[PDB]
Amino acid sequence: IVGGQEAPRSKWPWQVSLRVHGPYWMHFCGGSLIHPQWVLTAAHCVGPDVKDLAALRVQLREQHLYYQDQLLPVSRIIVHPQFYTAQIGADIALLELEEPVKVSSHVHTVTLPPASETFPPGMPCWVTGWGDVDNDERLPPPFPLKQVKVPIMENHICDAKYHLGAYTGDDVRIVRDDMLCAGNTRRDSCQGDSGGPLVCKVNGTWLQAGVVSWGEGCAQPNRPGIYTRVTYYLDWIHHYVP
């Protein structure tokens, strides 16, 4: 997270951290609990090449990374078949936990938006995670969960901005229909935040609008962060999670 602040212990109960096995169980991406038994993440975090299930762990909300670890096993990794890279799209994936989670005031699911949600500029939206604080800048220890309120920019506008300073033809889409943009040069997502959520407060209720996906750097001029648009994959999500 570039900008923002440490989340209060009371915010973002659905946030999780993905851990890969090695010298220690290192965090590599974020995610969200969208069902007692399913975590929503970004496909690039776990693909496109097939990974070893035994080398992965899910960690639920934690105010400080690694300090109160209760690693959970995963029985399935479901990656969207249309995925190869985040620029092409379909950067979305599911982790079915070996066991369901006992919900809490501190840890519970996040609501997926209705299929018609669009999230126009102006909506209060926050992206959260334990990722870098700036290009090539690691989140220092104790690794507090960070949050930052980011502005949503219309797709067609964001697309045109990505073409700024590039050789790419104005009529060839960079920011696709299944993607969403948010952030400016002071507020953004960054490596390590990938797979986590972008949530907006809609009608007195938090809705997960996107999944941290990619972008040209973090907080750079004319390069807002790109998120996998949740609405574009509800059909797919629902094939697996109740």
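Just count from 1 along the sequence shown to find any residue number. Heads up, when I say rigid core I mean the largest set of C-alphas that superpose within 1.5 Å between the two forms.
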{"property": "Stretch with larger C-alpha RMS deviation in 8 other deposited structures of this protein, core superposed, 122 to 130 versus 107 to 115", "result": "122 to 130"}
{"property": "Residue stretch of maximal mean CA temperature factor, 56 to 64 vs 202 to 210", "result": "202 to 210"}
{"property": "Per the entry, higher mean C-alpha B factor between 211 to 219 and 171 to 179", "result": "171 to 179"}
{"property": "Selection by C-alpha B-factor (highest) of 148, 101, 74, 93", "result": "101"}
{"property": "Where the record places residue 189 (Cα B-factor, split into thirds across the chain)", "result": "middle"}
{"property": "For residue 142, the third of its chain into which the C-alpha B factor falls", "result": "highest"}
{"property": "Chain thirds of CA B-factor: placement of residue 23", "result": "highest"}
{"property": "Residue 156 by Cα B-factor - lowest, middle or highest third of the modelled chain", "result": "highest"}
{"property": "Residue 50 CA temperature factor, ranked by third within the chain", "result": "highest"}
